[PDB]
Amino acid sequence: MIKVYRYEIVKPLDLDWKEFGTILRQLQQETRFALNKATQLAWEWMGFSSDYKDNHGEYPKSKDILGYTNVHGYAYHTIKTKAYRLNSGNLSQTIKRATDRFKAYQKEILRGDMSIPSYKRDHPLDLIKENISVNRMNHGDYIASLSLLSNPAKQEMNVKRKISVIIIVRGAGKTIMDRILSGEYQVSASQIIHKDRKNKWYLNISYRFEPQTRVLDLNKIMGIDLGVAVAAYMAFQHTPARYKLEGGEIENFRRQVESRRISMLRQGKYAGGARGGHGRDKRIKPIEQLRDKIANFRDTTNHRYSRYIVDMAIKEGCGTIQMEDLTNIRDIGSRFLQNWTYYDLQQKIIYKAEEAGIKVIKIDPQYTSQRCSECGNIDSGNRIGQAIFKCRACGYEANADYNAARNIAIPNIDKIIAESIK
Amino acid sequence: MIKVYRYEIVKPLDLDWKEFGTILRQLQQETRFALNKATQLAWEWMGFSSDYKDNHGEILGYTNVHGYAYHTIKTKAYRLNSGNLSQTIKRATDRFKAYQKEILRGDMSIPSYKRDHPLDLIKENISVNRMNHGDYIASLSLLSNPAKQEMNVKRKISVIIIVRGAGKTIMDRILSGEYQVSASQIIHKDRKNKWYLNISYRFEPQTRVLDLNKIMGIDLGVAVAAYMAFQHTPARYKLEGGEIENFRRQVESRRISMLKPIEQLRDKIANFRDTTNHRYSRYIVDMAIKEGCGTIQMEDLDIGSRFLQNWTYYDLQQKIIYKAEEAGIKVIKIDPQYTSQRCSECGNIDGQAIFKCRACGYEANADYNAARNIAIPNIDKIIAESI
DNA sequence: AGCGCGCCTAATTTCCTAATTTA
DNA sequence: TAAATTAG
RNA sequence: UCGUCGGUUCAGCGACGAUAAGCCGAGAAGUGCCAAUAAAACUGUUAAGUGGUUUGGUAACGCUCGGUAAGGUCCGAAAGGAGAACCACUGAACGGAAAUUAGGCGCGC
Ligand SMILES: [Mg+2]
Ligand SMILES: [Mg+2]
Ligand SMILES: [Mg+2]
Ligand SMILES: [Zn+2]
């Protein structure tokens, strides 16, 4: 398992912030240059090999023609002369991401199902495991030594050693960094991230650890039902316990955002003079800030929602979690009327349940809210979302979200519906 | 000048849909090959090629990138029409030339072209005719002479397109001669499995001339800062004071927080009213210029229950009056008595969020209802007629 | 007050190298 | 002696 | 009402800023515009027709980069001050980056 944590950079230990910013921006420009050029060299080789096969009947050998086993070696040999400021290790890692992206989707590129990747302006600076190192001083401060320059670059920038920075290691970041220093966690390739808001640089340390999973009974299954009145309702087949996420705070957020977003757009029709004449970024600045705010709110809401769901499973001893596969369903009449980011929520559940030893299975949500959880009679007549579920034969009434949650908690439930469609 | 508008293809007139679909897919495959190969040929022509291209294994006799690419691609994409093939190659080379300096610097990788790429149709290959029975037929020339012989198509391929409302207006002028076809494309959408043919037409725009018969009406309504309406046209424009409500709450917080500071706040609030008036006046005049209305009618000049509370109303009117003169428009002041209550549709004179006539039953925003009443050239006279 | 924009939002996949050798 | 290079 | 500082996100708190949904600078990669010039391609016996290319310049642009207010101690009459140097809370979370795709909108009227 691999996880990432962010650490804010405060000060360069031996340089000024103005000088540090100039170095970082220059290295970012080379990273963009390396990524685009590598895809150009990869795309060029793909065309040459296709042409070579037609004229000779066999694909050419990279070693014979290109001089290297893979295009990654050839890309390094060419981009190095121009991207001479980055460290060779970081440059090689940067090039590899471009070439692997092209190699992975090469078949889709030829078939026209995907475009050639093009890389934007602000790009993270790659760091290799051996290039990053972190130490704790006696006086309780954390110093990170970064290798970000090549020998020509170090000579021209007067730097003669690692460029040290101070990172705020606090809260849950202290435990992760303490385990990295001890040796339980192993640092993998990282990157340096810059955020436009607050103008802060970050150190994106990614680390490798071994999950500690307790033996949980695999016959216990918890069902997650994205309900109508309730954001998510959880139920278990063995025990009559129920949990729910009312999602009251979600409704309040969208009301303020919808009113704000509509108002901003209308003013754009008669905005100020300086609103235009300075590019696209300035003109759409008010909406970009609003769009970023919504993205951050969903990320936090999905983070706390996934944790609550997994924690409920752990308390009840469940070893299996079943949810609805949303690939087929496209009529979102659920509580998340603002088209919530369901995929981010489901991915967060998976990787947090995997860390706890629980296995996640995606059932097909068809007639799951219509079926009765007592007698199993499936009727489409009562599909009205009446906030209640009154079976005409079982005589069992319960919350519609709760009734759907029980059905998802039954093993092989979709097949049961599949065997007897109605 | 040039604008685009889709026209859904109903069915092929001469051949079956199964045959037409197979034919078009063959042409679509040649379109990608022409596009992708033209990018490779332009890459070598501009000197972007690496060493191993011209050293290991593998001037040119032509003058332009398009000329070099055309002949090389023509041998394989022999089903496409010669005229359309040139257009496909041209759009490939034009993008590369526009992006030539970006790729050399390293800001863009390589132009790419998707699978279901639209087919290019030049002028002289797409004609439209309207039959005596009202069916619109568009004849498309898509196959070259070798392709026509093999596929047993002995003339131009004809298809029927839908023309409803705005589509018929443009198409009728195309047939008349006011609008001339420039280029076209056959786009395919997988959402509905339908083929679309969009026509790019060139026309000489007509500049609206100010006439003293369209009179814009402005009402300082309760729900918005102003509402603009007209009788000749059904269009409407609104000035919502969203920024004004935020600024009022800003001023309220600052006064409590500050409890010179009052003087600076008063100076700030004075400038805000001036800046908003300038933006509002310019927008008000622009919508009259856009529709060519030669007169603006606004109620003659308290705070009342209007959305703007204790605003600099007189300053707003003067800047509207002044900016109207520069455009040739003239401003007339009208008595506002019972303007909100009078019904525009029926004229009878009688909840404030949406006005509903007792007799007519017309339901609409009261701000819009008042705005239409002011638009009448002789609204002032009929106001006292009911009295 | 319809039926074409361009494009935004959400969904989706991949990745998070090492071993050797100049300096 | 940490930066450079290339193979699988 | 929005925003800044208190390790990140979302909430409050203490202070503060706001015409900030505001005001500006430089530059020429791209789209329009102005001068000069008229290639590729196609229909063509021809005659000739469609088509709009190339080099400069300008700076209107949802052109491209950037600047601009905001915690407390401290100096400074105050403004202002060289990311000067110290100090700064409560709750719930804490796996991130890049690329791509395809649909439904909010404008469009
Ligand atoms: Mg649902
Ligand atoms: Mg906060
Ligand atoms: Mg905290
Ligand atoms: Zn039942």
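We number chain B the same way Swiss-Prot does; the residues here are 1-58, 65-265, 285-326, 331-379, 385-421, in that order.
Looking at the header, which is where the method is noted, we find electron microscopy, 3.0 Å.
Yeah, the Cβs are placed from backbone N, Cα and C, and that goes for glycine too.
According to Swiss-Prot, the features are:
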ACT_SITE  B:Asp225  active site
ACT_SITE  B:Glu324  active site
ACT_SITE  B:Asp401  active site
BINDING   B:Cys372, B:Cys375, B:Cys391, B:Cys394  Zn(2+) binding site
REGION    B:212-220  region 'Linker'
REGION    B:400-420  region 'RuvC-II'
Other parts of the chain folded back onto the region 'RuvC-II' (B:400-420), taken as Cβ under 8 Å at six or more residues beyond its ends: 221-225, 227-230, 233-237, 242, 244, 320, 322-324, 363-364, 366-369, 371-373, 376, 378, 386-389
Distant-in-sequence Cβ neighbours of B:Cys372 (Zn(2+) binding site), under 8 Å, six or more positions away: B:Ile378, B:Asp379, B:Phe389, B:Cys391, B:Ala393, B:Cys394, B:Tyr396, B:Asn403
Proximal residue to B:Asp401 (active site) among recorded positions B:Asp225, B:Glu324, B:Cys375 (C-alpha distance): B:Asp225
Cβ neighbours of B:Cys394 (Zn(2+) binding site) where a neighbour is any other Cβ within 10 Å: 13
The one of B:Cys375, B:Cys391 whose CB sees the fewest other CB atoms within 10 Å, among these binding-site residues: B:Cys375
Additional residues surrounding Zn(2+), by Cβ distance to the B:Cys372, B:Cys375, B:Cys391, B:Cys394 centre under 8 Å: B:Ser373, B:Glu374, B:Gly376, B:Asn377, B:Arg392, B:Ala393, B:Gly395, B:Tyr396
Cα-Cα distance in Å between B:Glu58 and B:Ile65, where 6 residues go unmodelled: 16
DSSP three-state assignment for B:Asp401 (active site): helix
Length in angstrom of the chain break flanked by B:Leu265 and B:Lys285 (19 residues not modelled, CA to CA): 12
